[PDB]
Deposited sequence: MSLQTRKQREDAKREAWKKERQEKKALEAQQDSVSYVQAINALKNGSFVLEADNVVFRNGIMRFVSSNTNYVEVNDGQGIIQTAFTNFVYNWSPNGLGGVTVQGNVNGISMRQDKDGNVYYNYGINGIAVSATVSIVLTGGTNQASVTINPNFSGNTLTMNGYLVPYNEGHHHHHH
């Protein structure tokens, strides 16, 4: 009937907007899992931010591969790797060295503010990470040689993993 034909669309509206839109409450729990993993990675000082995009001080943003743009802290040692030269968009720099001056703060919404310095051979930097609460989505701002905030990496904060990483 016409009646059964329309009853099998109105029950489909109660299924498409319920089961296939349950990937918002489940994705929230997934983001919660990644959050706790990011918190614990920061606490244990063994983490990497895998950059999805990079924003320069001239306002340029570029989407990016996380294999060649990352920020890593592991075993008291820290790496800043980017594919740009002096943190300008227009083979870059590897700021590797000792991690010092670590502070970790948390707001009322569980957003985490993780700050530290890197003592390198050629260049030094202060690093500022903001982790979004209930997610592993994080922003890393890098200030090289006290010159000013120059480069921001936006991406995913994960535990350091001998496997994936390098």
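Residues of the deposited sequence missing from the coordinate set occupy positions 1, 92 to 97, 174 to 176.
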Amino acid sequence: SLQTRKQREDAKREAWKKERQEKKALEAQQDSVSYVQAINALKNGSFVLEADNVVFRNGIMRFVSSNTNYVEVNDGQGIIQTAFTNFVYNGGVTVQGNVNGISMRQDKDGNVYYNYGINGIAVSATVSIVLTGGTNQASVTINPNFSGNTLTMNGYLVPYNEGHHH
From here on, numbers count along this sequence of modelled residues.
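Taking the PDB entry as given, 40 to 48 carries the higher mean Cα B factor of the two stretches 40 to 48 and 127 to 135. Look at the mean CA B-factor for 51 to 59 and for 66 to 74 in the entry; the higher one is 66 to 74.
Annotation for residue 33: CA B-factor lies in the middle third of the chain's modelled residues. In this PDB entry, the Cα temperature factor of residue 1 sits in the bottom third of its chain's modelled residues, the lowest group. Ranked within its chain, residue 140 lands in the lowest third, by CA B factor from the PDB record.
Among all modelled residues in this chain, the alpha-carbon of residue 21 has a temperature factor (C-alpha) in the highest third.
Split the chain's modelled residues into thirds by C-alpha temperature factor. Residue 112 is in the lowest one.
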